[PDB]
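Notes follow once the structure below has been shown.
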Amino acid sequence: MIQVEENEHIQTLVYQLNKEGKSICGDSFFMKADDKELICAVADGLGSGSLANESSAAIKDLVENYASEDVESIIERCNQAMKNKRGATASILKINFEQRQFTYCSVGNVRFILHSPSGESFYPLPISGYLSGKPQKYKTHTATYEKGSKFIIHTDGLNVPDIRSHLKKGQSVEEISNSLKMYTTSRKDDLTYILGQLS
Ligand SMILES: [Mg+2]
């Protein structure tokens with residue numbers, strides 16, 4: 001599955017593929033862009049089958065419903081929603097276009113990389129654990145981005161030797177997605193990514 005979107009401030013591409021032969025995807029995503037801001041999230045439910053999907057889908061629904069809140073607040077709602085569920089790893093990104101500012105919060109192994117034309121990268125390390133409903137050691141990042149910056153959020157089904165280099169080389173989200181095709185073919189898991197190129 002691919003979805004492409006564009007407005008004055010961002011071009012995005014979402015890609016999602018189930019593990020081959022698997023009908024029920026355990027990953028979820030949400031994305032909404034308007035003229036002022038972007039919110040997106042990617043989640044990977046623990047375990048297998050419908051129960052993994054239940055966990056990541058609940059995150060998708062909460063991010064959509066609570067999009068207006070700070071990422072810190074949204075991720076806490078998501079944690080609380082994981083009580084009595086499988087749990088999920090998840091990352092949430094909000095971007096304010098006029099300010100060229102982003103805010104990012106994550107628990108678990110969903111990765112985020114933002115590359116700026118100047119060579120500046122933001123590539124935070126994963127926080128261990130997962131959203132479980134138990135207390136978390138949350139870490140939020142707020143930073144400015146420069147025009148031309150490109151980013152990816154991806155689940156652990158995407159196995160790529162050097163993702164920063166793909167963001168640097170590719171000049172559009174389509175080019176970057178095409179350069180990743182050879183790694184999507186070798187997946188052993190559900191694979192979801194969101195690419196963006198910021199004006
Ligand atoms: Mg996975």
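Each chain in the structure tokens gets a letter, A, B and so on, in the order shown; residues start at 1 in every chain, and ligands are counted from 1 in the order they appear.
With only C-alpha atoms and all ligand atoms as the atoms that count, the set of residues no farther than 10 Å from ligand 1 is residues 18, 19, 25, 26, 27, 43, 44, 45, 46, 47, 48, 52, 88, 89, 109, 110, 154, 155, 156, 157, 158, 187, 188, 189, 190, 191 and 192 of chain A.
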Using only C-alpha atoms, tabulate the residues of range 73-115 of chain A lying at most 12 Å from any atom of range 138-143 of chain A, each with its closest atom pair and that distance in Å to one decimal, by chain and increasing residue number, as JSON lines.
```
{"residue": "A:73", "atom": "CA", "partner": "A:138", "partner_atom": "CA", "distance": 10.7}
{"residue": "A:74", "atom": "CA", "partner": "A:140", "partner_atom": "CA", "distance": 11.7}
{"residue": "A:75", "atom": "CA", "partner": "A:138", "partner_atom": "CA", "distance": 8.7}
{"residue": "A:76", "atom": "CA", "partner": "A:138", "partner_atom": "CA", "distance": 8.9}
{"residue": "A:79", "atom": "CA", "partner": "A:138", "partner_atom": "CA", "distance": 10.6}
{"residue": "A:90", "atom": "CA", "partner": "A:138", "partner_atom": "CA", "distance": 11.8}
{"residue": "A:91", "atom": "CA", "partner": "A:140", "partner_atom": "CA", "distance": 10.3}
{"residue": "A:92", "atom": "CA", "partner": "A:140", "partner_atom": "CA", "distance": 9.8}
{"residue": "A:93", "atom": "CA", "partner": "A:141", "partner_atom": "CA", "distance": 9.6}
{"residue": "A:94", "atom": "CA", "partner": "A:142", "partner_atom": "CA", "distance": 9.5}
{"residue": "A:95", "atom": "CA", "partner": "A:142", "partner_atom": "CA", "distance": 9.7}
{"residue": "A:96", "atom": "CA", "partner": "A:143", "partner_atom": "CA", "distance": 10.7}
{"residue": "A:99", "atom": "CA", "partner": "A:143", "partner_atom": "CA", "distance": 10.1}
{"residue": "A:100", "atom": "CA", "partner": "A:143", "partner_atom": "CA", "distance": 8.5}
{"residue": "A:101", "atom": "CA", "partner": "A:143", "partner_atom": "CA", "distance": 5.6}
{"residue": "A:102", "atom": "CA", "partner": "A:143", "partner_atom": "CA", "distance": 5.6}
{"residue": "A:103", "atom": "CA", "partner": "A:142", "partner_atom": "CA", "distance": 4.4}
{"residue": "A:104", "atom": "CA", "partner": "A:141", "partner_atom": "CA", "distance": 5.2}
{"residue": "A:105", "atom": "CA", "partner": "A:140", "partner_atom": "CA", "distance": 4.6}
{"residue": "A:106", "atom": "CA", "partner": "A:139", "partner_atom": "CA", "distance": 7.2}
{"residue": "A:107", "atom": "CA", "partner": "A:138", "partner_atom": "CA", "distance": 7.1}
{"residue": "A:108", "atom": "CA", "partner": "A:138", "partner_atom": "CA", "distance": 10.4}
{"residue": "A:112", "atom": "CA", "partner": "A:141", "partner_atom": "CA", "distance": 11.2}
{"residue": "A:114", "atom": "CA", "partner": "A:143", "partner_atom": "CA", "distance": 10.8}
```
Can you write out the residues you just picked, keeping N, CA and C atoms, as a PDB file, in the first residue's frame?
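Result file again.pdb:
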```pdb
ATOM      1  N   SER A  73       1.459  14.588  25.816  1.00  0.00           N
ATOM      2  CA  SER A  73       0.127  14.246  26.305  1.00  0.00           C
ATOM      3  C   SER A  73      -0.470  13.074  25.535  1.00  0.00           C
ATOM      4  N   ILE A  74      -0.297  13.084  24.214  1.00  0.00           N
ATOM      5  CA  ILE A  74      -0.836  12.023  23.375  1.00  0.00           C
ATOM      6  C   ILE A  74      -0.192  10.675  23.731  1.00  0.00           C
ATOM      7  N   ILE A  75       1.125  10.664  23.892  1.00  0.00           N
ATOM      8  CA  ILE A  75       1.769   9.389  24.155  1.00  0.00           C
ATOM      9  C   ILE A  75       1.357   8.808  25.528  1.00  0.00           C
ATOM     10  N   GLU A  76       1.086   9.674  26.513  1.00  0.00           N
ATOM     11  CA  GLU A  76       0.571   9.182  27.806  1.00  0.00           C
ATOM     12  C   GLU A  76      -0.801   8.553  27.652  1.00  0.00           C
ATOM     13  N   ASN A  79      -0.205   5.160  26.204  1.00  0.00           N
ATOM     14  CA  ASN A  79       0.247   4.232  27.247  1.00  0.00           C
ATOM     15  C   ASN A  79      -0.921   3.711  28.083  1.00  0.00           C
ATOM     16  N   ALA A  90       5.799   2.657  19.587  1.00  0.00           N
ATOM     17  CA  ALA A  90       5.162   3.767  18.827  1.00  0.00           C
ATOM     18  C   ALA A  90       5.970   5.031  18.850  1.00  0.00           C
ATOM     19  N   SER A  91       5.830   5.809  17.795  1.00  0.00           N
ATOM     20  CA  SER A  91       6.486   7.116  17.691  1.00  0.00           C
ATOM     21  C   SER A  91       5.453   8.093  17.183  1.00  0.00           C
ATOM     22  N   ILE A  92       5.474   9.312  17.728  1.00  0.00           N
ATOM     23  CA  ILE A  92       4.548  10.381  17.325  1.00  0.00           C
ATOM     24  C   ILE A  92       5.362  11.624  16.975  1.00  0.00           C
ATOM     25  N   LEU A  93       5.043  12.242  15.838  1.00  0.00           N
ATOM     26  CA  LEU A  93       5.712  13.432  15.367  1.00  0.00           C
ATOM     27  C   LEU A  93       4.668  14.498  15.086  1.00  0.00           C
ATOM     28  N   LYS A  94       4.915  15.699  15.591  1.00  0.00           N
ATOM     29  CA  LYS A  94       4.121  16.865  15.214  1.00  0.00           C
ATOM     30  C   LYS A  94       5.039  17.919  14.605  1.00  0.00           C
ATOM     31  N   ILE A  95       4.577  18.585  13.549  1.00  0.00           N
ATOM     32  CA  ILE A  95       5.382  19.606  12.893  1.00  0.00           C
ATOM     33  C   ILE A  95       4.530  20.859  12.778  1.00  0.00           C
ATOM     34  N   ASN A  96       5.099  21.997  13.179  1.00  0.00           N
ATOM     35  CA  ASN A  96       4.471  23.296  12.925  1.00  0.00           C
ATOM     36  C   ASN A  96       5.243  23.962  11.778  1.00  0.00           C
ATOM     37  N   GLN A  99       6.680  27.838  12.023  1.00  0.00           N
ATOM     38  CA  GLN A  99       7.804  27.886  12.970  1.00  0.00           C
ATOM     39  C   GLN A  99       8.981  27.015  12.529  1.00  0.00           C
ATOM     40  N   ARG A 100       8.753  26.165  11.519  1.00  0.00           N
ATOM     41  CA  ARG A 100       9.665  25.077  11.160  1.00  0.00           C
ATOM     42  C   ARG A 100      10.175  24.358  12.416  1.00  0.00           C
ATOM     43  N   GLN A 101       9.232  23.917  13.244  1.00  0.00           N
ATOM     44  CA  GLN A 101       9.573  23.235  14.484  1.00  0.00           C
ATOM     45  C   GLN A 101       8.889  21.882  14.524  1.00  0.00           C
ATOM     46  N   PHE A 102       9.594  20.887  15.010  1.00  0.00           N
ATOM     47  CA  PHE A 102       8.977  19.611  15.222  1.00  0.00           C
ATOM     48  C   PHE A 102       9.146  19.187  16.659  1.00  0.00           C
ATOM     49  N   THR A 103       8.207  18.338  17.065  1.00  0.00           N
ATOM     50  CA  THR A 103       8.236  17.677  18.363  1.00  0.00           C
ATOM     51  C   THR A 103       8.039  16.182  18.157  1.00  0.00           C
ATOM     52  N   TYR A 104       8.854  15.389  18.851  1.00  0.00           N
ATOM     53  CA  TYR A 104       8.920  13.947  18.604  1.00  0.00           C
ATOM     54  C   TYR A 104       8.984  13.202  19.906  1.00  0.00           C
ATOM     55  N   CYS A 105       8.164  12.173  20.043  1.00  0.00           N
ATOM     56  CA  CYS A 105       8.204  11.329  21.251  1.00  0.00           C
ATOM     57  C   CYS A 105       7.983   9.886  20.877  1.00  0.00           C
ATOM     58  N   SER A 106       8.706   8.995  21.526  1.00  0.00           N
ATOM     59  CA  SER A 106       8.667   7.596  21.123  1.00  0.00           C
ATOM     60  C   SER A 106       8.943   6.705  22.301  1.00  0.00           C
ATOM     61  N   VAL A 107       8.322   5.529  22.292  1.00  0.00           N
ATOM     62  CA  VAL A 107       8.735   4.446  23.199  1.00  0.00           C
ATOM     63  C   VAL A 107       8.841   3.192  22.366  1.00  0.00           C
ATOM     64  N   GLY A 108      10.015   2.562  22.452  1.00  0.00           N
ATOM     65  CA  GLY A 108      10.233   1.323  21.732  1.00  0.00           C
ATOM     66  C   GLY A 108      11.066   1.524  20.485  1.00  0.00           C
ATOM     67  N   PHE A 112      13.059   7.137  13.924  1.00  0.00           N
ATOM     68  CA  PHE A 112      12.883   8.427  13.250  1.00  0.00           C
ATOM     69  C   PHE A 112      14.237   8.992  12.894  1.00  0.00           C
ATOM     70  N   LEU A 114      15.828  12.421  10.716  1.00  0.00           N
ATOM     71  CA  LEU A 114      15.591  13.635   9.940  1.00  0.00           C
ATOM     72  C   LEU A 114      16.949  14.138   9.470  1.00  0.00           C
TER      73      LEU A 114
END
```
With only C-alpha atoms as the counted atoms, please give the residues lying no more than 7 Å from residue 113 in chain A, apart from itself and same-chain residues fewer than 5 positions off, as a PyMOL selection string.
chain A and resi 122-123+151-153
With N, CA and C atoms retained, export the selected residues as a PDB file, in the first residue's frame.
```
ATOM      1  N   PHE A 122      19.112  14.442  12.778  1.00  0.00           N
ATOM      2  CA  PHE A 122      18.538  14.084  14.060  1.00  0.00           C
ATOM      3  C   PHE A 122      18.191  12.606  13.942  1.00  0.00           C
ATOM      4  N   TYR A 123      18.867  11.772  14.720  1.00  0.00           N
ATOM      5  CA  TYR A 123      18.608  10.340  14.697  1.00  0.00           C
ATOM      6  C   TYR A 123      18.668   9.821  16.130  1.00  0.00           C
ATOM      7  N   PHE A 151      12.793  13.292   6.063  1.00  0.00           N
ATOM      8  CA  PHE A 151      12.733  12.404   7.220  1.00  0.00           C
ATOM      9  C   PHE A 151      12.041  11.099   6.882  1.00  0.00           C
ATOM     10  N   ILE A 152      12.284  10.122   7.755  1.00  0.00           N
ATOM     11  CA  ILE A 152      11.580   8.854   7.726  1.00  0.00           C
ATOM     12  C   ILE A 152      11.225   8.435   9.147  1.00  0.00           C
ATOM     13  N   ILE A 153      10.026   7.871   9.305  1.00  0.00           N
ATOM     14  CA  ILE A 153       9.640   7.111  10.517  1.00  0.00           C
ATOM     15  C   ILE A 153       9.373   5.695  10.056  1.00  0.00           C
TER      16      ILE A 153
END
```
Rank nothing, just name the residue among A:185, A:116, A:172, A:149 nearest to residue 13 in chain A, using only C-alpha atoms.
A:172
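Going from CA of residue 33 in chain A over to CA of residue 8 in chain A, you cover 10.4 Å.
Compared by their closest atoms to residue 126 in chain A, and using only C-alpha atoms, the residues A:111, A:166, A:9, A:60 rank with A:111 nearest.
Among the candidates A:194, A:180, A:57, A:67, the one nearest to residue 86 in chain A when counting only C-alpha atoms is A:57.
You will find CA of residue 42 in chain A at 12.7 Å from CA of residue 131 in chain A.
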Residues of range 79-113 of chain A at most 6 Å from range 132-137 of chain A: nearest atom pair and distance in Å, only C-alpha atoms, as JSON lines:
```
{"residue": "A:79", "atom": "CA", "partner": "A:133", "partner_atom": "CA", "distance": 4.7}
{"residue": "A:80", "atom": "CA", "partner": "A:133", "partner_atom": "CA", "distance": 4.7}
{"residue": "A:82", "atom": "CA", "partner": "A:133", "partner_atom": "CA", "distance": 4.9}
{"residue": "A:83", "atom": "CA", "partner": "A:133", "partner_atom": "CA", "distance": 4.5}
{"residue": "A:87", "atom": "CA", "partner": "A:132", "partner_atom": "CA", "distance": 4.8}
```
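Proximity to residue 183 in chain A was assessed for A:127, A:78, A:4, A:17 counting only C-alpha atoms; the smallest distance is recorded for A:17.
Proximity of A:117, A:124, A:170, A:161 to residue 182 in chain A, computed with only C-alpha atoms, is greatest for A:161.
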Would you please extract all alpha helix (DSSP H) residues from chain A, as assigned by DSSP on the backbone, and give them as a count of residues only?
47
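When only C-alpha atoms are used to compute distances to residue 84 in chain A, the closest of the residues A:55, A:171, A:186, A:68 turns out to be A:55.
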Show me, as a PDB file with N, CA, C and O atoms, in the first residue's frame, the residues that have an atom within 7 Å of residue 167 in chain A when counting only C-alpha atoms, minus same-chain residues fewer than 2 positions from it.
```pdb
ATOM      1  N   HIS A 115      17.085  14.364   8.175  1.00  0.00           N
ATOM      2  CA  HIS A 115      18.358  14.792   7.583  1.00  0.00           C
ATOM      3  C   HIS A 115      18.183  16.164   6.984  1.00  0.00           C
ATOM      4  O   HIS A 115      17.289  16.388   6.182  1.00  0.00           O
ATOM      5  N   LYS A 150      14.570  16.159   5.038  1.00  0.00           N
ATOM      6  CA  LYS A 150      13.848  14.950   4.651  1.00  0.00           C
ATOM      7  C   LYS A 150      13.870  14.022   5.851  1.00  0.00           C
ATOM      8  O   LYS A 150      14.870  13.935   6.568  1.00  0.00           O
ATOM      9  N   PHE A 151      12.793  13.292   6.063  1.00  0.00           N
ATOM     10  CA  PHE A 151      12.733  12.404   7.220  1.00  0.00           C
ATOM     11  C   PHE A 151      12.041  11.099   6.882  1.00  0.00           C
ATOM     12  O   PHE A 151      11.293  10.971   5.894  1.00  0.00           O
ATOM     13  N   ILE A 163      20.311   4.225   6.567  1.00  0.00           N
ATOM     14  CA  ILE A 163      19.148   5.008   6.166  1.00  0.00           C
ATOM     15  C   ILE A 163      19.456   6.498   5.894  1.00  0.00           C
ATOM     16  O   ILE A 163      18.878   7.074   4.974  1.00  0.00           O
ATOM     17  N   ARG A 164      20.366   7.096   6.666  1.00  0.00           N
ATOM     18  CA  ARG A 164      20.727   8.510   6.496  1.00  0.00           C
ATOM     19  C   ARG A 164      21.165   8.781   5.070  1.00  0.00           C
ATOM     20  O   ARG A 164      20.786   9.795   4.490  1.00  0.00           O
ATOM     21  N   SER A 165      21.935   7.851   4.500  1.00  0.00           N
ATOM     22  CA  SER A 165      22.439   8.009   3.151  1.00  0.00           C
ATOM     23  C   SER A 165      21.319   8.013   2.108  1.00  0.00           C
ATOM     24  O   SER A 165      21.411   8.704   1.103  1.00  0.00           O
ATOM     25  N   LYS A 169      20.744  11.228  -0.322  1.00  0.00           N
ATOM     26  CA  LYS A 169      20.818  11.087  -1.780  1.00  0.00           C
ATOM     27  C   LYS A 169      19.499  11.397  -2.474  1.00  0.00           C
ATOM     28  O   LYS A 169      19.476  12.060  -3.511  1.00  0.00           O
ATOM     29  N   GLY A 170      18.395  10.900  -1.920  1.00  0.00           N
ATOM     30  CA  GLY A 170      17.115  11.029  -2.599  1.00  0.00           C
ATOM     31  C   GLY A 170      16.654  12.463  -2.632  1.00  0.00           C
ATOM     32  O   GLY A 170      16.756  13.172  -1.636  1.00  0.00           O
ATOM     33  N   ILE A 176      13.343   8.384  -2.749  1.00  0.00           N
ATOM     34  CA  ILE A 176      13.786   7.708  -1.543  1.00  0.00           C
ATOM     35  C   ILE A 176      13.060   6.363  -1.391  1.00  0.00           C
ATOM     36  O   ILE A 176      13.695   5.338  -1.130  1.00  0.00           O
TER      37      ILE A 176
END
```
